[PDB]
Amino acid sequence: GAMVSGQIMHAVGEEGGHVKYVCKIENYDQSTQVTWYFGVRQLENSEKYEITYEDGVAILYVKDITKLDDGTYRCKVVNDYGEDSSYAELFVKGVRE
């Protein structure tokens, strides 16, 4: 392309609930691979995170929200030509001023 990774919107998470992040990719192809991060931590499918990627749409769902989950989330996109990343925040009540 490209690729270019699209803008991701911020979210407020309530304790015990969930939030989602959606990142739309321009000029994806057969070599495109997507990895999400929370702060310094690399994410994978588990009891905590529901992660999918198909046809230029990356989706991260975060479950069972706690105060620990407040911070910065990154969607990192890599192919045979280069890379791009997009970022957004999760705000939980009681964490930030």
# chains A, B, ... in the order shown; residues from 1 in each chain; ligands from 1
$ select_by_dssp --residues "segment 40-71 of chain A" --states "strand (DSSP E or B)" --output "MDAnalysis selection string"
chainID A and resid 41:42 49:54 57:62 71
$ residues_around --residues "residue 95 of chain A" --least-positions-apart "4" --cutoff "9 Å" --atoms "only C-alpha atoms" --output "MDAnalysis selection string"
chainID A and resid 67:68 70 91
$ residues_around --residues "segment 12-15 of chain A" --least-positions-apart "6" --cutoff "9 Å" --atoms "only C-alpha atoms" --output "MDAnalysis selection string"
chainID A and resid 64:67 69:70 89:93
$ write_last_selection --atoms "C-alpha atoms" --output "mmCIF file, in the first residue's frame"
data_model
loop_
_atom_site.group_PDB
_atom_site.id
_atom_site.type_symbol
_atom_site.label_atom_id
_atom_site.label_comp_id
_atom_site.auth_asym_id
_atom_site.auth_seq_id
_atom_site.Cartn_x
_atom_site.Cartn_y
_atom_site.Cartn_z
ATOM 1 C CA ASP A 64 -13.941 -8.489 33.206
ATOM 2 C CA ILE A 65 -12.659 -4.904 33.540
ATOM 3 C CA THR A 66 -10.624 -3.881 36.649
ATOM 4 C CA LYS A 67 -8.707 -0.718 37.657
ATOM 5 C CA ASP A 69 -6.888 -2.149 32.773
ATOM 6 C CA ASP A 70 -6.648 1.692 32.677
ATOM 7 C CA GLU A 89 -6.873 4.887 25.894
ATOM 8 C CA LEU A 90 -9.065 2.930 28.330
ATOM 9 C CA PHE A 91 -10.318 5.050 31.282
ATOM 10 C CA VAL A 92 -11.607 3.380 34.522
ATOM 11 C CA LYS A 93 -13.307 5.427 37.330
#
$ atom_distance --atom1 "atom CA of residue 74 of chain A" --atom2 "atom CA of residue 7 of chain A"
10.9 Å
$ residues_around --residues "segment 47-55 of chain A" --least-positions-apart "4" --cutoff "10 Å" --atoms "only C-alpha atoms" --output "PyMOL selection string"
chain A and resi 18+20-21+23-25+28-30+32-36+43+59-65
$ closest_residue --among "A:40, A:9, A:22, A:2" --to "residue 88 of chain A" --atoms "only C-alpha atoms"
A:9
$ atom_distance --atom1 "atom CA of residue 26 of chain A" --atom2 "atom CA of residue 85 of chain A"
12.1 Å
$ closest_residue --among "A:41, A:58, A:8, A:16" --to "residue 77 of chain A" --atoms "only C-alpha atoms"
A:58
$ atom_distance --atom1 "atom CA of residue 87 of chain A" --atom2 "atom CA of residue 75 of chain A"
6.5 Å
$ decode --residues "segment 52-96 of chain A" --atoms "N, CA and C atoms" --output "short mmCIF file (atom, residue, chain, number, x, y, z; two decimals), in the first residue's frame"
data_model
loop_
_atom_site.label_atom_id
_atom_site.label_comp_id
_atom_site.auth_asym_id
_atom_site.auth_seq_id
_atom_site.Cartn_x
_atom_site.Cartn_y
_atom_site.Cartn_z
N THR A 52 -9.60 -10.73 17.12
CA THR A 52 -9.83 -11.25 15.77
C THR A 52 -9.23 -10.31 14.71
N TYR A 53 -8.82 -10.90 13.59
CA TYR A 53 -8.42 -10.11 12.41
C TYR A 53 -8.85 -10.81 11.13
N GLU A 54 -9.60 -10.10 10.28
CA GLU A 54 -10.05 -10.62 8.97
C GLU A 54 -10.33 -9.45 8.03
N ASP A 55 -9.87 -9.55 6.77
CA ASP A 55 -10.30 -8.66 5.71
C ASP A 55 -10.14 -7.17 6.09
N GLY A 56 -8.98 -6.83 6.66
CA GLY A 56 -8.65 -5.44 7.03
C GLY A 56 -9.29 -4.85 8.26
N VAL A 57 -10.03 -5.67 8.99
CA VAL A 57 -10.61 -5.22 10.27
C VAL A 57 -10.04 -5.97 11.48
N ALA A 58 -9.31 -5.24 12.33
CA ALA A 58 -8.81 -5.76 13.62
C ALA A 58 -9.71 -5.35 14.79
N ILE A 59 -10.08 -6.33 15.63
CA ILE A 59 -10.96 -6.08 16.77
C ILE A 59 -10.39 -6.70 18.06
N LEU A 60 -10.23 -5.85 19.07
CA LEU A 60 -9.86 -6.28 20.42
C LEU A 60 -11.01 -6.05 21.39
N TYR A 61 -11.46 -7.12 22.04
CA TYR A 61 -12.44 -7.02 23.12
C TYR A 61 -11.79 -7.34 24.45
N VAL A 62 -11.88 -6.39 25.39
CA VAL A 62 -11.35 -6.58 26.77
C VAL A 62 -12.45 -6.90 27.77
N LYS A 63 -12.35 -8.04 28.47
CA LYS A 63 -13.36 -8.59 29.40
C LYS A 63 -13.05 -8.37 30.89
N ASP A 64 -14.07 -8.55 31.74
CA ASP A 64 -13.94 -8.49 33.21
C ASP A 64 -13.09 -7.31 33.66
N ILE A 65 -13.51 -6.10 33.31
CA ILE A 65 -12.66 -4.90 33.54
C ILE A 65 -12.30 -4.69 35.02
N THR A 66 -11.04 -4.32 35.29
CA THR A 66 -10.62 -3.88 36.65
C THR A 66 -9.86 -2.55 36.53
N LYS A 67 -9.57 -1.92 37.66
CA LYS A 67 -8.71 -0.72 37.66
C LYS A 67 -7.35 -0.94 36.96
N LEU A 68 -6.82 -2.17 37.00
CA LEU A 68 -5.53 -2.49 36.32
C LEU A 68 -5.54 -2.22 34.83
N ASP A 69 -6.73 -2.24 34.23
CA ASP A 69 -6.89 -2.15 32.77
C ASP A 69 -6.80 -0.73 32.20
N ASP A 70 -6.77 0.28 33.08
CA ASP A 70 -6.65 1.69 32.68
C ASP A 70 -5.24 1.94 32.09
N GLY A 71 -5.19 2.43 30.85
CA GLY A 71 -3.93 2.80 30.16
C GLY A 71 -4.03 2.93 28.65
N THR A 72 -2.91 2.61 27.98
CA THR A 72 -2.78 2.77 26.53
C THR A 72 -2.74 1.43 25.80
N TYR A 73 -3.56 1.30 24.74
CA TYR A 73 -3.64 0.07 23.92
C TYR A 73 -3.10 0.39 22.51
N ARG A 74 -2.27 -0.50 21.95
CA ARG A 74 -1.65 -0.32 20.62
C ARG A 74 -2.06 -1.46 19.71
N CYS A 75 -2.45 -1.13 18.48
CA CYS A 75 -2.65 -2.14 17.41
C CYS A 75 -1.46 -2.00 16.47
N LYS A 76 -0.62 -3.03 16.44
CA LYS A 76 0.56 -3.06 15.55
C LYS A 76 0.36 -3.94 14.30
N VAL A 77 0.55 -3.33 13.13
CA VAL A 77 0.31 -4.02 11.85
C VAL A 77 1.59 -4.15 11.05
N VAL A 78 1.90 -5.38 10.62
CA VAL A 78 3.16 -5.67 9.92
C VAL A 78 2.88 -6.51 8.68
N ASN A 79 3.46 -6.10 7.56
CA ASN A 79 3.57 -6.95 6.37
C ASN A 79 4.95 -6.98 5.73
N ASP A 80 4.99 -7.48 4.50
CA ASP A 80 6.22 -7.69 3.72
C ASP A 80 6.86 -6.39 3.24
N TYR A 81 6.19 -5.27 3.47
CA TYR A 81 6.63 -3.97 2.96
C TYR A 81 7.00 -2.99 4.07
N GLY A 82 6.36 -3.13 5.22
CA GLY A 82 6.66 -2.29 6.37
C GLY A 82 5.70 -2.52 7.52
N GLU A 83 5.48 -1.48 8.31
CA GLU A 83 4.60 -1.56 9.48
C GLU A 83 3.97 -0.20 9.80
N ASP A 84 2.91 -0.22 10.60
CA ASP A 84 2.24 0.96 11.16
C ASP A 84 1.56 0.57 12.48
N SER A 85 1.30 1.55 13.34
CA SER A 85 0.57 1.30 14.61
C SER A 85 -0.43 2.43 14.88
N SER A 86 -1.47 2.11 15.66
CA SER A 86 -2.50 3.07 16.07
C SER A 86 -2.74 2.83 17.57
N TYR A 87 -3.13 3.89 18.29
CA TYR A 87 -3.19 3.88 19.77
C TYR A 87 -4.53 4.41 20.29
N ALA A 88 -4.99 3.94 21.47
CA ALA A 88 -6.14 4.55 22.15
C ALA A 88 -6.11 4.24 23.65
N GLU A 89 -6.88 4.99 24.44
CA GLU A 89 -6.87 4.89 25.89
C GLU A 89 -8.09 4.10 26.39
N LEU A 90 -7.95 3.50 27.57
CA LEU A 90 -9.06 2.93 28.33
C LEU A 90 -9.05 3.68 29.67
N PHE A 91 -10.15 4.35 29.99
CA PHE A 91 -10.32 5.05 31.28
C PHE A 91 -11.26 4.25 32.20
N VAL A 92 -10.79 3.94 33.41
CA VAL A 92 -11.61 3.38 34.52
C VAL A 92 -11.78 4.39 35.68
N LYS A 93 -13.01 4.54 36.18
CA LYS A 93 -13.31 5.43 37.33
C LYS A 93 -12.46 5.08 38.57
N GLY A 94 -11.82 6.09 39.17
CA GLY A 94 -10.97 5.89 40.37
C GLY A 94 -9.46 5.83 40.14
N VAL A 95 -9.04 5.78 38.87
CA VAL A 95 -7.61 5.66 38.49
C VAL A 95 -6.92 7.01 38.24
N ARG A 96 -7.29 7.67 37.14
CA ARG A 96 -6.76 9.00 36.79
C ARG A 96 -7.53 10.11 37.49
#
